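*Asks:*
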Amino acid sequence: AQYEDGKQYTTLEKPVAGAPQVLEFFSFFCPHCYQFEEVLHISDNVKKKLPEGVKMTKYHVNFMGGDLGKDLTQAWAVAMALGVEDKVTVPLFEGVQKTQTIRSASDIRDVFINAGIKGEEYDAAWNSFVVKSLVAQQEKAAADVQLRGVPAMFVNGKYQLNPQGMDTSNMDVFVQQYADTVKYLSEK
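The sequence shown begins at 1 in the authors' numbering and counts up by one.
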């Protein structure tokens, strides 16, 4: 075939019912995740090729960066609750991996303040039970699907993208192949 199990995707031997359609995992500590966001714009190009009425979900993970990794998963919960993903993603990435100015929860908070979220509103979100369950959601979904590596994308809780089995000479070709693969898996 042109798309083969084990080549551009693997299949979960234990499928995850009730899963979000397109589910993506990342960590602000994850170097390929940085590329995926800043250089490749994977999420965005996948979206552009998906049907619509297709929900796209992105979650942070705990297993990188110890204590700060968990702070970042709670911070990403705040970002999702406030709808400000598109305003903090880049400075969180650069703060962790480029400038290395994020070392504490307070430094994470600074990024949100600078992006214009109000102090009171951030701290209230940070401490809210809506955010707590949004942290639990991120953890449960990672737990449902065996997750030991990022970046990772799952489609309908059954198919996992396998970018190792795609071409990397051309960055644009890689992205298109990746997005086309998600679309193919989507209509499966």
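Ideal Cβ positions, reconstructed from N, Cα and C, are used throughout, including at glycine.
#1: Pick out whichever of 83, 99, 105 and 94 has its Cα sitting closest to the Cα of residue 116.
#2: Return the chain-ordered ranges of every beta strand (DSSP E) run that is complete within the segment 75 to 145 and spans a minimum of 3 residues.
#3: What does the Cβ neighbour count give for residue 129, buried or exposed, with the cut at 16 atoms within 10 Å?
#4: Determine the extent of the alpha helix (DSSP H) in which residue 263 is found, giving its start and end residues.
#5: Quick one: using the 10 Å Cβ neighbour count with 16 as the cut-off for buried, is residue 3 buried or exposed?
#6: Is the segment 47 to 67 touching the segment 23 to 32, taking contact as three or more C-beta pairs under 8 Å?
#7: Can you give the Cα-Cα distance for residue 88 and residue 158, rounded to whole angstroms?
#8: Residue 168 lies in the alpha helix (DSSP H); which residues open and close that run?
#9: Using CA coordinates, which residue listed in 109, 114 and 137 is at the minimum distance from residue 124?
#10: In terms of alpha-carbon separation, which member of 13, 147 and 181 lies closest to residue 162?
#11: Rounded to whole angstroms, what's the CA-CA distance from residue 52 to residue 5? Just pull it up for me.
#12: Taking the C-alpha atoms as reference points, what is the distance between residue 41 and residue 120?
#13: For residue 80, count the other beta carbons within 10 Å of its own beta carbon; 16 or more makes it buried, fewer makes it exposed. Which is it?
#14: Checking 9 Å against the spacing of the C-beta atoms, do residue 8 and residue 165 come in under that value?
#15: Locate the alpha helix (DSSP H) running through residue 46, then write down its first and last residues.
*Replies:* Taking the structure as given:
#1: 83
#2: none
#3: By the neighbour-count criterion, in which a residue is buried when 16 or more other Cβ atoms sit within 10 angstroms of its Cβ, residue 129 is exposed.
#4: Because the chain is modelled from 1 through 188, residue 263 falls outside the range shown and cannot be assessed.
#5: By the 10 Å Cβ count, residue 3 comes out exposed.
#6: Flag = yes, the segment 47 to 67 and the segment 23 to 32 touch.
#7: The C-alpha of residue 88 lies about 30 Å from the C-alpha of residue 158.
#8: Unbroken run through residue 168: none, as it is neither H nor E.
#9: 109
#10: For residue 162, the nearest C-alpha among the options comes from 181.
#11: 25 Å
#12: 32 Å
#13: So residue 80 ends up on the buried side.
#14: yes
#15: It spans 42 to 49 - the alpha helix (DSSP H) in which residue 46 sits, taken as one unbroken run.
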